[PDB]
Structures are given as C-alpha cells and as structure tokens.
Amino acid sequence: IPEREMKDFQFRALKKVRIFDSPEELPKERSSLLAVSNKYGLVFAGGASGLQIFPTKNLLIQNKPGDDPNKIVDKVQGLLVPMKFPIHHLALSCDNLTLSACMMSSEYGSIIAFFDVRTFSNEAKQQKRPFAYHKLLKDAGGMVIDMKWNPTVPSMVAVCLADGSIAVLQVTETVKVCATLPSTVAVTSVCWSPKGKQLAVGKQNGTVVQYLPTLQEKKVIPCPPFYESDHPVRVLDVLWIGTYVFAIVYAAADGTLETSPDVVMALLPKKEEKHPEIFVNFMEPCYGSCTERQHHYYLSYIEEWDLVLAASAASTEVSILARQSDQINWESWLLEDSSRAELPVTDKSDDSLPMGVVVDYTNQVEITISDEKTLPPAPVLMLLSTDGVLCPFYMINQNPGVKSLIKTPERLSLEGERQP
Amino acid sequence: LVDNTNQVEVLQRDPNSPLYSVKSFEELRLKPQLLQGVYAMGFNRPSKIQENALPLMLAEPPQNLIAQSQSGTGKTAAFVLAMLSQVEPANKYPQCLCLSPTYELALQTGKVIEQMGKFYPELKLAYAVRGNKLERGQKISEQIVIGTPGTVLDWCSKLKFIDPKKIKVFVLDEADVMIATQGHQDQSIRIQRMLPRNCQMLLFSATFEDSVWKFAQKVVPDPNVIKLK
Ligand SMILES: Nc1ncnc2c1ncn2[C@@H]1O[C@H](COP(=O)(O)OP(=O)(O)O)[C@@H](O)[C@H]1O
C-alpha cells in the first residue's frame, strides 16, 4: 500500500518509431507482440500484417535539442517476414535462437511457428520459413493466452491457452509434447521459477499452483484472504521473482472488465515457518483508463535493481514497484511529470495502449542529456502500442550503489541452423 | 510591458459578429473587486494584446482563444482575468485550471493570480506541482488550481482530488515550451478530454510552429485566433 516520490529514477524517452500502420480496429484480445535478443541485439515485432525483425540499435533515436518529442519517425529499416495468418504472441528461447510466433488460422485453428533465428540473419535464404509448427488442435479455445520459455532450458517452453489448458513443450530440431493439462484445470497464466526448475500457474479459482515440468503438482498458494465471498477473483498474471517471492495480479471472475485489476506481492513462508502468506497489496497502480480490452499485465523483474516494471493492457502508464532498503517490503515509486513512461495519444486523439513490452540491455549509446553533460548508457524500456508505434525510454537510475546493467551483444553465426 | 509597433491580427470564431478593442478596463464591466485588483497592480490602460483578447475572453458567454504574443505583452494578466472573472469564491472547489510548463512558472503565475484576486474573500489556490503534500482520500477546496500537467492529470484521474466536470476555465500557458517537454503534450490532451463542453479553453504561446498550431487545434475547439507581429 505505500508510495514514494522518486527523483533519482527517470524514464527519458527516445523518438517514437512507427512500425505498423494504425489498425482500423482496437486490438482487444490479449497479446504480447515484442520479443528481444539481448545476446545478439534484435527485436521481434509481430501483428496481423507480418513479422518484423530489427537490429535493436536501429530502433533507438535520441532527441536533439529542437525536436518535437511527439513527432514520429515513420519508417526505419528492418526485415519483413510475411505471414498468412495474424500473430497473437511472440517469444524467444533463453539461448536466443528460437522465435516462437503464435497464430490463428481459420482452417488449422491456433498454431505455433518456430523459427530458427539464424535463418533471419542468413542472407542466402530469401524466404524465411519456420522449421516446425505445432498444431494445438483447437480454434478460438486455443488462443495462446500466455506462453513462456524456460529461463535456463532452451529446449523447453510452456504454452498456456484461452480455454484453461496448458502444455509444456520441447523444441529441438522438432517439437515434443512433454506434458499437457486439460481445460478443466482452468489455467489462466504461467511462469517459470527463476532457475527454470518449476513452473507456476495461476488459475481461475484464485490460486497459483506450482508444477514440476512434468506437470506434477508440488505447492498450492491459496487465494488471498481479503477477497471475500461474492467477489471471486482469479489470477490474471504471475511473476516468480524469488523462491518465496511472487507478484500476482488478480481480477474479477465474472469478466466485468469494468473493475480494475489489483497487483499483489506475496511473500510465502518456508518449510521451517508455519507463518501465513504475507500478501502486501498495491492496488490498481497502472490506472485503467480503458475497459474494452481483456486485461494484461506485462510484468518483469530487474534483479540487480531489485525492482519490478508493470504495464497493463488497459492503462497508458508503466508503474514501478521497488524493493525497500528494508529488504523485505515494497513501494510504488512516483516519478516527475516529464520522466514517465506513458503511451501517446493517437493522432485521432485516443489512447495508444500496450501490445508488447521489452527491455533491451544491448544499448551502448550514451545519453546526451544536454550540450555539455553526457550520462552512461541505460537499459531501454520499449513498448508496442495498439497504434503500431514503438516507444523507447531509457531507464536512468541513480539510486546509490546500483550498477551498470549494460551487456554488449554478439554476432549470431549461422552454424547449426535447423532446416525446415 | 514591451513596446509593440506592429499590429494584432484577429481571426474571430464568428466572422459576421465583430466585437473588438477595449481601450480601458472600466469598459469591461469587471466585478468591482477584480477591477480594484487591477488598479492595485498599477495597471492603467489595457495592453495591446489585452485590448483584443479580453473582449473575446470576457464575452457573454465567453469565447475560446488561441493567442500568440512575445514576453511582456500581458498574456498572463489577460488570462488571470479570464479565470478570476468566472471563479465564485463561496464555492470551495476548483473551478479554474491553469497548466504551466515548469514548476517555477506555476508559482510565478500563482503570485500574479493571488495579487490580482486580493479582494476576493476566501480565494485560495492549489498548486499541483512536484512535491505537494496531499495525501489520498483528501479533496481540494481551493477554487483555482495552477500546476504542471501530469501532477494535474494525476489530481483529476488517479487521486480523485479534482472533479474536472466543474471547471469553468482552462488555460494552457507557453504551449510551445509545453510540447517540447516530455509527456506534457499528451498529458494536457488527456486532462482536456475530461473537461466539460462549456468549459472555456484559452491557449497561449510565444512561437507558433505547425506542431504548436496542430496542438492548439486538438485542445481549443471553436477558437478565436490572435497573432501579434
Ligand atoms: N495592462 C497592463 N498595464 C501595465 N502593465 C501590465 C499590464 N498587463 C501586464 N502588465 C505587466 O507586464 C508584464 C508582462 O505581462 P504578463 O501579464 O506577464 O504577460 P506575458 O505573459 O506576455 O509576459 C508583467 O510583469 C505585468 O505585470
């Protein structure tokens, strides 16, 4: 419940890039549409109008003294990889070699194309095809609502569907089903343990269960006490930050998207503790201006800054929950007017909203704050907007002690490509 | 006030309904306590820009305006009026709203308001700026709110400090400096969309690049336009 004015952290924006053309209609359904390579500096913009690969350094343009920071750079050079069907999700194995696009065709149902990343960088391959598909064997039901790649096991990914079911995949030179739980489990969302050793699945009854990769049930986190009867929430999204530390978004089960979602931190006890589950509540941080999309919370931890970014489908603001110097507790940060990460107003005067969210660490370019003063390169938060626009902001952090999170990228060698 | 040999250009929202050029404040028929305020400040004759601005702004009903003049012309004075002349002190809640581009001009425009409103009794200002003190649950009882747009938008939206469907006037100052500040342009446009149709929209700017112009047009509907050379 606490809050804190933060003067020493500022999202300082780069120029906004137009990727896709403003869609006629509002991208209502749940979606994640940016992946990033931090290993080889790349970014993966999907949509219902192709797939787009950029060298990350091509998407980031500092504003000079004079520019309108709201003027867009229309187009910027990348790769277009044409796509019969429209991509409702993008994703990337941990070694950085397998883009995992998720489409919905009217004659297959939902399916998942796995590209080898070498292929995109491989000139002699003009048609950039995938090497493996995965026919999930369902139509609308099969909409990939949440899908995540193991953080340390590149071959292993965890896909999770509109209809409540979930499956764990192995992807090598082909695709193996390792495990699949049927709809009647009512899985709503998904997340690996930090070490990739277990998988945590939030469900509709309101609980988050923990599974071995073979879907054996290990621990059940109960539904927080304060949501009493009559107002039944459901996990919406779940971030396993530490062995006994969880961010867990809730929301109504009657789909009345009119109610705003609550973020909750959940510090769990341990085997030598018969302590109840400490659920600290930081209610509707990303303020919901919208109630027309089905909710997302993109969430992602920055371990070395011990803070969590959080954006919502239905809000135009990135919020920041930081761990206190107290080492247990949390706090919402409150940033200066001109130091926020918010999606612009469409030129038709409506709110652009998030389609994907990523952080790039590969950046080397040093921030040219003024004529005379230049600051070291910062990580760059990026946003896909429902207007087809990408919104890079450096994340300047100056809290004492925090260290430089910048990591130089590599040159993908073609060696070992998988052919279709 | 800086001297101005060049003349003002006035694009009236209603071409066939001319009304311009007041060469005195007494002509305006201002609340007695306001006109006193004016005297108090050593104001003698209206300024070049006010001559044309104030009629429109102080029309019955009031008109919207986009105004372009350089520093020391009397922009601020002119809108300070705009607001004070709509503000009912006895009603303890914000009715007038002023977005400033810096913190250090929200305070400077404050002093001008407070000085001018001197003889309105119980007139109180709210400052929606970085590092105000206001806890949640609270609501503002000050009839005017000066500030910078985010903090202001916070006040209407998130924090529920202000109910914008009670604002009668809305100024945007330094619309050029504003667009060139991160967040501001979008922030202001979002404040504006929750103001009520009747609310008066007044917009002011030193320069006037297309960007600024284009911006004005999203924010100030049915506007009279004024440019001074
Ligand atoms: N009608 C007036 N008569 C004399 N001085 C004025 C008048 N109006 C404004 N001033 C003074 O001239 C200066 C510039 O006016 P101001 O109200 O700040 O408009 P601007 O925003 O164009 O500077 C101010 O210091 C103000 O006190």
# chains A, B, ... in the order shown; residues from 1 in each chain; ligands from 1

call {"tool": "closest_atom_pairs", "arguments": {"of": "chain B", "to": "ligand 1", "cutoff": "6 Å", "atoms": "only C-alpha atoms and all ligand atoms", "output": "JSON lines"}}
result
{"residue": "B:1", "atom": "CA", "partner": "ligand 1", "partner_atom_place_in_ligand_line": "12 (O)", "distance": 4.0}
{"residue": "B:43", "atom": "CA", "partner": "ligand 1", "partner_atom_place_in_ligand_line": "3 (N)", "distance": 4.0}
{"residue": "B:44", "atom": "CA", "partner": "ligand 1", "partner_atom_place_in_ligand_line": "3 (N)", "distance": 5.5}
{"residue": "B:45", "atom": "CA", "partner": "ligand 1", "partner_atom_place_in_ligand_line": "1 (N)", "distance": 5.5}
{"residue": "B:46", "atom": "CA", "partner": "ligand 1", "partner_atom_place_in_ligand_line": "1 (N)", "distance": 4.0}
{"residue": "B:47", "atom": "CA", "partner": "ligand 1", "partner_atom_place_in_ligand_line": "1 (N)", "distance": 4.5}
{"residue": "B:70", "atom": "CA", "partner": "ligand 1", "partner_atom_place_in_ligand_line": "22 (O)", "distance": 5.9}
{"residue": "B:71", "atom": "CA", "partner": "ligand 1", "partner_atom_place_in_ligand_line": "23 (O)", "distance": 4.2}
{"residue": "B:72", "atom": "CA", "partner": "ligand 1", "partner_atom_place_in_ligand_line": "14 (C)", "distance": 3.4}
{"residue": "B:73", "atom": "CA", "partner": "ligand 1", "partner_atom_place_in_ligand_line": "22 (O)", "distance": 3.6}
{"residue": "B:74", "atom": "CA", "partner": "ligand 1", "partner_atom_place_in_ligand_line": "19 (O)", "distance": 2.9}
{"residue": "B:75", "atom": "CA", "partner": "ligand 1", "partner_atom_place_in_ligand_line": "19 (O)", "distance": 3.7}
{"residue": "B:76", "atom": "CA", "partner": "ligand 1", "partner_atom_place_in_ligand_line": "17 (O)", "distance": 3.7}
{"residue": "B:77", "atom": "CA", "partner": "ligand 1", "partner_atom_place_in_ligand_line": "17 (O)", "distance": 3.6}

call {"tool": "closest_atom_pairs", "arguments": {"of": "chain B", "to": "chain A", "cutoff": "8 Å", "atoms": "only C-alpha atoms", "output": "JSON lines"}}
result
{"residue": "B:130", "atom": "CA", "partner": "A:336", "partner_atom": "CA", "distance": 6.7}
{"residue": "B:131", "atom": "CA", "partner": "A:5", "partner_atom": "CA", "distance": 7.8}
{"residue": "B:148", "atom": "CA", "partner": "A:337", "partner_atom": "CA", "distance": 7.4}
{"residue": "B:149", "atom": "CA", "partner": "A:337", "partner_atom": "CA", "distance": 7.2}
{"residue": "B:150", "atom": "CA", "partner": "A:337", "partner_atom": "CA", "distance": 4.9}
{"residue": "B:151", "atom": "CA", "partner": "A:337", "partner_atom": "CA", "distance": 6.4}
{"residue": "B:158", "atom": "CA", "partner": "A:287", "partner_atom": "CA", "distance": 6.6}
{"residue": "B:179", "atom": "CA", "partner": "A:68", "partner_atom": "CA", "distance": 6.7}
{"residue": "B:180", "atom": "CA", "partner": "A:68", "partner_atom": "CA", "distance": 5.5}
{"residue": "B:181", "atom": "CA", "partner": "A:338", "partner_atom": "CA", "distance": 6.6}
{"residue": "B:182", "atom": "CA", "partner": "A:338", "partner_atom": "CA", "distance": 4.8}
{"residue": "B:183", "atom": "CA", "partner": "A:338", "partner_atom": "CA", "distance": 5.3}
{"residue": "B:184", "atom": "CA", "partner": "A:338", "partner_atom": "CA", "distance": 6.8}
{"residue": "B:185", "atom": "CA", "partner": "A:70", "partner_atom": "CA", "distance": 7.9}
{"residue": "B:186", "atom": "CA", "partner": "A:345", "partner_atom": "CA", "distance": 5.8}
{"residue": "B:189", "atom": "CA", "partner": "A:345", "partner_atom": "CA", "distance": 7.8}
{"residue": "B:211", "atom": "CA", "partner": "A:68", "partner_atom": "CA", "distance": 7.7}
{"residue": "B:218", "atom": "CA", "partner": "A:349", "partner_atom": "CA", "distance": 7.7}

call {"tool": "closest_residue", "arguments": {"among": "B:159, B:195, B:38, B:10", "to": "residue B:55", "atoms": "only C-alpha atoms"}}
result
B:10

call {"tool": "residues_around", "arguments": {"residues": "residue B:63", "least_positions_apart": "4", "cutoff": "12 Å", "atoms": "only C-alpha atoms", "output": "JSON, numbers by chain"}}
result
{"B": [12, 13, 14, 19, 53, 54, 55, 56, 57, 58, 59, 82, 168, 169, 170, 198, 199, 200, 201, 202, 203, 220, 221, 222, 223, 224, 225]}

call {"tool": "atom_distance", "arguments": {"atom1": "atom CA of residue A:74", "atom2": "atom CA of residue A:384"}}
result
14.4 Å

call {"tool": "decode", "arguments": {"residues": "stretch 224-253 of chain A", "atoms": "N, CA and C atoms", "output": "mmCIF file, in the first residue's frame"}}
result
data_model
loop_
_atom_site.group_PDB
_atom_site.id
_atom_site.type_symbol
_atom_site.label_atom_id
_atom_site.label_comp_id
_atom_site.auth_asym_id
_atom_site.auth_seq_id
_atom_site.Cartn_x
_atom_site.Cartn_y
_atom_site.Cartn_z
ATOM 1 N N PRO A 224 -5.679 -15.081 -1.766
ATOM 2 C CA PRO A 224 -5.522 -14.127 -0.663
ATOM 3 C C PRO A 224 -6.804 -13.884 0.157
ATOM 4 N N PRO A 225 -6.710 -13.928 1.501
ATOM 5 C CA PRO A 225 -7.897 -13.861 2.370
ATOM 6 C C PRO A 225 -8.879 -12.734 2.060
ATOM 7 N N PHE A 226 -8.358 -11.550 1.754
ATOM 8 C CA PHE A 226 -9.189 -10.342 1.729
ATOM 9 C C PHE A 226 -10.235 -10.320 0.631
ATOM 10 N N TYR A 227 -10.009 -11.071 -0.439
ATOM 11 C CA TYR A 227 -11.052 -11.249 -1.427
ATOM 12 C C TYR A 227 -12.044 -12.213 -0.820
ATOM 13 N N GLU A 228 -13.067 -11.650 -0.199
ATOM 14 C CA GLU A 228 -14.078 -12.433 0.473
ATOM 15 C C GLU A 228 -15.013 -13.065 -0.553
ATOM 16 N N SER A 229 -16.054 -13.740 -0.064
ATOM 17 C CA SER A 229 -17.048 -14.365 -0.937
ATOM 18 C C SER A 229 -17.811 -13.306 -1.743
ATOM 19 N N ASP A 230 -18.461 -13.760 -2.817
ATOM 20 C CA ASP A 230 -19.322 -12.931 -3.687
ATOM 21 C C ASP A 230 -18.553 -12.164 -4.770
ATOM 22 N N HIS A 231 -17.291 -11.822 -4.496
ATOM 23 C CA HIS A 231 -16.456 -11.059 -5.431
ATOM 24 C C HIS A 231 -15.236 -11.875 -5.897
ATOM 25 N N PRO A 232 -15.477 -13.087 -6.469
ATOM 26 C CA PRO A 232 -14.413 -14.074 -6.728
ATOM 27 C C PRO A 232 -13.393 -13.659 -7.788
ATOM 28 N N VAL A 233 -12.159 -13.411 -7.362
ATOM 29 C CA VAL A 233 -11.109 -13.028 -8.294
ATOM 30 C C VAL A 233 -10.541 -14.276 -8.949
ATOM 31 N N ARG A 234 -9.569 -14.059 -9.826
ATOM 32 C CA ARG A 234 -8.821 -15.123 -10.481
ATOM 33 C C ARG A 234 -7.435 -14.571 -10.737
ATOM 34 N N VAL A 235 -6.405 -15.393 -10.612
ATOM 35 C CA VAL A 235 -5.105 -14.921 -11.030
ATOM 36 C C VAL A 235 -5.298 -14.485 -12.457
ATOM 37 N N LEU A 236 -4.622 -13.407 -12.824
ATOM 38 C CA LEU A 236 -4.594 -12.965 -14.204
ATOM 39 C C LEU A 236 -3.198 -13.161 -14.738
ATOM 40 N N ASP A 237 -2.193 -12.836 -13.926
ATOM 41 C CA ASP A 237 -0.776 -12.950 -14.315
ATOM 42 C C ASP A 237 0.111 -13.122 -13.093
ATOM 43 N N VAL A 238 1.244 -13.797 -13.269
ATOM 44 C CA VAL A 238 2.036 -14.260 -12.135
ATOM 45 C C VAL A 238 3.536 -14.162 -12.423
ATOM 46 N N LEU A 239 4.274 -13.452 -11.569
ATOM 47 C CA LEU A 239 5.721 -13.300 -11.738
ATOM 48 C C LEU A 239 6.512 -13.859 -10.550
ATOM 49 N N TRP A 240 7.183 -14.982 -10.777
ATOM 50 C CA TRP A 240 8.012 -15.637 -9.753
ATOM 51 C C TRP A 240 9.352 -14.907 -9.675
ATOM 52 N N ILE A 241 9.447 -13.936 -8.773
ATOM 53 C CA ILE A 241 10.666 -13.145 -8.632
ATOM 54 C C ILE A 241 11.710 -13.906 -7.815
ATOM 55 N N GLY A 242 11.283 -14.593 -6.762
ATOM 56 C CA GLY A 242 12.201 -15.403 -5.943
ATOM 57 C C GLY A 242 11.510 -16.623 -5.347
ATOM 58 N N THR A 243 12.294 -17.591 -4.866
ATOM 59 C CA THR A 243 11.743 -18.869 -4.381
ATOM 60 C C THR A 243 10.473 -18.720 -3.532
ATOM 61 N N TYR A 244 10.466 -17.719 -2.653
ATOM 62 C CA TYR A 244 9.292 -17.390 -1.855
ATOM 63 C C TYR A 244 8.890 -15.919 -2.044
ATOM 64 N N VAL A 245 8.993 -15.408 -3.277
ATOM 65 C CA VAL A 245 8.578 -14.031 -3.601
ATOM 66 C C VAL A 245 7.825 -13.990 -4.946
ATOM 67 N N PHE A 246 6.596 -13.470 -4.925
ATOM 68 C CA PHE A 246 5.697 -13.502 -6.083
ATOM 69 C C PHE A 246 4.942 -12.193 -6.302
ATOM 70 N N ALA A 247 4.908 -11.718 -7.542
ATOM 71 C CA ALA A 247 3.956 -10.689 -7.950
ATOM 72 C C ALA A 247 2.752 -11.397 -8.551
ATOM 73 N N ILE A 248 1.536 -11.058 -8.132
ATOM 74 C CA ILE A 248 0.338 -11.787 -8.581
ATOM 75 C C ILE A 248 -0.881 -10.878 -8.796
ATOM 76 N N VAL A 249 -1.224 -10.697 -10.064
ATOM 77 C CA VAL A 249 -2.305 -9.832 -10.471
ATOM 78 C C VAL A 249 -3.601 -10.613 -10.391
ATOM 79 N N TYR A 250 -4.625 -9.990 -9.822
ATOM 80 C CA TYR A 250 -5.942 -10.601 -9.706
ATOM 81 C C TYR A 250 -6.957 -9.798 -10.498
ATOM 82 N N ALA A 251 -8.178 -10.300 -10.573
ATOM 83 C CA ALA A 251 -9.222 -9.656 -11.354
ATOM 84 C C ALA A 251 -10.492 -10.486 -11.262
ATOM 85 N N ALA A 252 -11.629 -9.868 -11.556
ATOM 86 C CA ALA A 252 -12.930 -10.499 -11.370
ATOM 87 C C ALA A 252 -13.092 -11.734 -12.264
ATOM 88 N N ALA A 253 -13.859 -12.714 -11.763
ATOM 89 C CA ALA A 253 -14.132 -13.966 -12.475
ATOM 90 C C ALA A 253 -15.347 -13.832 -13.374
#
